[PDB]
Structures are given as C-alpha cells and as structure tokens.
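Chemist: so I've got this experimental structure, pasted below with the sequence.
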Amino acid sequence: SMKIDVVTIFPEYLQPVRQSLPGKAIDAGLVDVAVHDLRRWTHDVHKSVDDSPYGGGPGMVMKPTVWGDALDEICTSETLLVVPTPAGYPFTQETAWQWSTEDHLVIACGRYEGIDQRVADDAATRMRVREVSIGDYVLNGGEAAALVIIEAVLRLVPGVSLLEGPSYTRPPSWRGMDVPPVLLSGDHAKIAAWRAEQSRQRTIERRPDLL
Amino acid sequence: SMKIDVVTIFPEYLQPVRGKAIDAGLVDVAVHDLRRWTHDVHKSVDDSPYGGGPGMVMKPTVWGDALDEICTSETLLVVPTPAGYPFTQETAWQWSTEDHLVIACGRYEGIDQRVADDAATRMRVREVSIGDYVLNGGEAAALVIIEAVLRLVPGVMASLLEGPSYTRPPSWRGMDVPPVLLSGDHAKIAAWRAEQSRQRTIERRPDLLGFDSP
Ligand SMILES: COc1cccc(COC(=O)c2cn[nH]c2)c1
Ligand SMILES: COc1cccc(COC(=O)c2cn[nH]c2)c1
Ligand SMILES: COc1cccc(COC(=O)c2cn[nH]c2)c1
Ligand SMILES: COc1cccc(COC(=O)c2cn[nH]c2)c1
C-alpha cells in the first residue's frame, strides 16, 4: 500500500502515470497517485509561484511561502519528501528499492533555478527529505524526473554491477544477421558464460566507470 | 528547427510533450504507434528470448519496418536503455544541433540487438542510459531526453552542483536568508556561492571532484 502525491504547476503532465496504473492495483489499495496544482496554494491574484533570487543572477526561485503551505497540507510526519533536482544525491536502482516500501511519497516538482532552500530545510525538521538527481543533465522542471522516479519505484512494488548484453528473438536470421548460435545450442552453462563475457565487454566499452 | 519522431507501443504516454510547447515552430514532435507496422492478427511486437531468460524481447521485424519508413541516413537514432552509454548534459548540447532525432522506446526486457546493428549500417545510432535505474519502458526516458535537448535548441551548467537558492521574504518561519545574499556585495556573493557549490558537490557527488563514491 503506497500513496504518492505529486505537486506541480503542470498537473496535466502527470496524467499518463495516473492511467498507467492497473485497475486491480488501485482497487486493492496498493497504490494511489494524486497530482496537485501548486497554484492552489498561491496567495495573490496573479497566482505567483516564483520570485527573483536573492543575490541577483538571471533565473527565478520558487517561493517558500507557497511551497510551505502546500507541503503543510499534503505531508505527514511519515512522509518521504522527494525533491528532484540536478543538484541532488544520485537516484539509483538501490534508491528505488528502498523507496518501494514507503507508505507515503510526496514529490515536489520544482522549476529551473530551484526551490527556496528553506522549504526543504524546514520540512526536514519533521519529515524525511531527499533531494535527488535522476541524471547529470538539466530539465526545465522536475515533472519528467517525477515520472521516472514514480515508474522506477512502482515497478518494484509487487502488483503495481555489470551491464546486460544483447538479447535476441525470432527469426534466427534477419537482414543478413544471425542469432548467435551458442544461444540455440541447449548448453545452458555455456550460454551463461557467453552472456557474462558479452556483459563484461559491453560494460568496458560503455561504462568503464563500473569497473 | 528540428524534427523529433518517437516510436512506442504506448503513444498515449507521450502526451506530456504537449510542457515544451513547440508552438514557436522551432521543433515538430511526432509520436508513432509501433503496432502500425505489424501484419499479425493480434499485432504481436514481442517474443521469448533466444537462450532463455526472463520476460520478452521486442521482435526485430516490426521495428525494422518502422525505422525504414521513419529514418533517413541523416537521422540520429536514439535508443534509451539502462545498458546504454551515459546521456549527460554534454550529450544534450551535442544533440541540440541535430536535424532529426528518432527515439525508439523499448519495453519488456529489450529490443532484439539486430535492430540497432542493422540501423547502424545506414544511420548514426546511440544507445543511451539516462541513469542507473530500470524502467518498464523507454517512454519516460524519451520525455527526459526531449526536455534536456529542446531547452538547448537555439531560439529557446556542468562540472559541479549548484548551491542553495533563496527569494523573498528575507525571514520565514524563523529561518533567515544568508546575510551575504542580502549584502549587495557581488564579490562576496560570488565567493559564497562558489563555496556552497563546492561544499555541496563534495557532500553529494564526490565523484565529480575526483573522490571515491560513498
Ligand atoms: C528543484 O530544483 C530544480 C532546479 C533545476 C531543475 C529542476 C528539474 O529537475 C531536473 O532538471 C533534474 C533532476 N534530476 N536530474 C535533473 C529542479
Ligand atoms: C550498475 O548500474 C546499473 C543500474 C541499473 C541497471 C543497470 C543496467 O541494466 C541493464 O543493462 C539492463 C536491464 N535490462 N536490460 C538491460 C546498471
Ligand atoms: C531498449 O529497450 C529497453 C530495455 C529495458 C529498459 C528500457 C527502458 O529504458 C530505461 O529503463 C533506462 C534508460 N536509461 N536508464 C534507464 C528500454
Ligand atoms: C555534472 O553533471 C551535471 C549536469 C547538469 C547539471 C548539474 C548541476 O546543476 C545544478 O545543480 C542546477 C542547475 N540548475 N539548478 C540547479 C550537474
């Protein structure tokens, strides 16, 4: 059983993962994903969510007063507050495994430059807060990162070292290229060693950092 | 001006592109249902892996037909996969100058490798990872790549992590903005920010400064 709340100024962005849920998953109370428009918590007629950064420099910083109200209403002391940001700790498969057993995730989607730091600092005094990066690149908003995180976590919720080498399926011959004959050999010990070497070679070529 | 074609068995999931509204006509984003190139009755796109293993592998025949119609020799064929070369900010900059990206979204355990090998004989192919986690499909990863690239396209920050940012009010729930940021001293602000950045990078990403990861 897991509840995910997403707070964003683009709630429509999250509508695909809402419907991506199996009907037998949400009916069983194993998962409910709710999306909230951040502007619900704005204070002015202009529904402002950002303001200029202290200490200058082009870019806009999201307002702490608005975010604080939103989190005040949505978060509980049991909440795991996830803040996607390119300045975050790495979000990896180990993280997804860890978060897969959480009762309540709140994902705060920020917009470039970021969210006033006091929001996270304040929240962290009564809940667990995790600023995380899904990758070394910059997005205009956290929304796509939320999709990634939601998918990587939920697929580890039951019912909701090296790189892997190439995979093949039918036909055995296609556009002049044959499936590696070892895979059709019925020698499963040999297949395993073949696959291990394929993985070692691909990892060396693509991710030497992993060795 | 850039064309992005995305190929997927879940074209619905790509509605979030509608966002990075290309209303300015600086890019056209097209999404294609892979099942459109099938001939079967049940329109099968996958099958069990040769050599055994878990899950299913997407068939090469369907993908070959789809890529034939959609790609040219000038296309950059992008295949999100956790087994790919890393997609980073540097990659985003590089791809921001491309005429034509085609993004092949895989599902299940993967796409028959011969799809990529075949395509590489007529176009440039890039198998890429957007990060070290596993997804059910390439769709979300395509969204990430599109966002990272499109915001760099002409007409629309790497080595360190950026430090914290603040805005009004100068005090909030008893928490004050760092006084230096209120001081109007550009040099001291630059110095403090540079320091916060380095301090955050060593704490969260020691690898970026050439130290052992925790
Ligand atoms: C909340 O503060 C910010 C600031 C800047 C951009 C974003 C959007 O997230 C990303 O771009 C990202 C997440 N992981 N890798 C990249 C959020
Ligand atoms: C070590 O860093 C990580 C973390 C998570 C996944 C991976 C690679 O997984 C694959 O190569 C794969 C999975 N399905 N098909 C290919 C690497
Ligand atoms: C090639 O077909 C496959 C196979 C396995 C998973 C996926 C989805 O992509 C990812 O999970 C991914 C991309 N970068 N980091 C994770 C596609
Ligand atoms: C080294 O790899 C990368 C790549 C891209 C960005 C970053 C860090 O960016 C930020 O911290 C940020 C940018 N806007 N707001 C916060 C690191």
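Modeler: The structure has been received and is ready for your questions. Residues are numbered from 1 along each chain as shown, chains lettered A, B, ... in the order given. Ligands and ions are numbered 1, 2, ... in the order given.

Chemist: near ligand 2, which residues of chain A are found?
Modeler: Contact residues (C-beta under 6 Å from any ligand atom) of chain A with ligand 2: A:93, A:161, A:163-164, A:210. (C-beta placed from N, C-alpha, C; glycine too.)

Chemist: let's go with 5 Å and repeat that
Modeler: For chain A, the residues in contact with ligand 2 (C-beta under 5 Å from any ligand atom) are A:93, A:163-164.

Chemist: center of chain A, which residue is that?
Modeler: Residue closest to the average C-alpha location in chain A (C-alpha atoms, centre = their mean): residue A:149, at 1.5 Å.

Chemist: roughly how far apart are residue A:89 and ligand 1?
Modeler: 10 Å (C-beta to the nearest ligand atom, to the nearest Å).

Chemist: an error on my part: the question was meant for residue A:73.
Modeler: As judged by C-beta to the nearest ligand atom, residue A:73 and ligand 1 stand 19 Å apart.

Chemist: correct me if wrong, but that residue is in a strand.
Modeler: No - secondary structure assignment (DSSP: H, G, I helix; E, B strand; the rest coil) places residue A:73 in helix, not in a strand.

Chemist: surely it meets residue A:38?
Modeler: No - applying C-beta atoms under 8 Å as the test, residue A:73 and residue A:38 come out as separate, 11.6 Å apart.

Chemist: ok, those two, which is more surrounded?
Modeler: When neighbours are counted by other C-beta atoms under 10 Å in any protein chain shown, residue A:73 and residue A:38 differ, and residue A:38 comes out ahead with 23 against 12.

Chemist: give me every residue that touches that one.
Modeler: Counting by C-beta atoms under 8 Å, 6 or more residues apart in numbering or on different chains, residue A:38 touches A:7-9, A:49, A:66-67, A:70, A:109.

Chemist: of those residues, which ones also sit close to chain B?
Modeler: By C-beta under 8 Å from any C-beta of the partner chain, no member of the contacts of residue A:38 lies near chain B.

Chemist: okay, now residue A:103: neighbour count?
Modeler: For residue A:103, using other C-beta under 10 Å, the count is 11.

Chemist: can you name the residues that contact it?
Modeler: Contact analysis of residue A:103 by C-beta under 8 Å, 6+ apart lists A:1-3, A:78.

Chemist: rerun that using 10 Å as the cut-off
Modeler: Contact analysis of residue A:103 by C-beta atoms under 10 Å, 6 or more residues apart in numbering or on different chains lists A:1-3, A:76, A:78-80.

Chemist: same deal with residue A:61?
Modeler: A:50-54, A:110-117, B:164-168.

Chemist: beta partners of it?
Modeler: Applying DSSP bridges to residue A:61 yields these beta-bridge partners: residue A:51.

Chemist: so does the strand ranked longest in chain A get close to ligand 3?
Modeler: When chain A is parsed with DSSP state E, its longest strand is strand A:80-90. No - using C-beta under 5 Å from any ligand atom, strand A:80-90 stays clear of ligand 3, coming no nearer than 12.4 Å.

Chemist: coming back round to it: isn't the residue nearest to the centre of chain A up against residue A:134?
Modeler: Yes - applying C-beta atoms under 10 Å, one finds residue A:149 in contact with residue A:134, separated by 6.6 Å.

Chemist: overlap in contacts of those two?
Modeler: Common contact partners of residue A:149 and residue A:134 (C-beta under 10 Å, 6+ apart): A:84, A:91, A:95, A:142, B:133, B:140.
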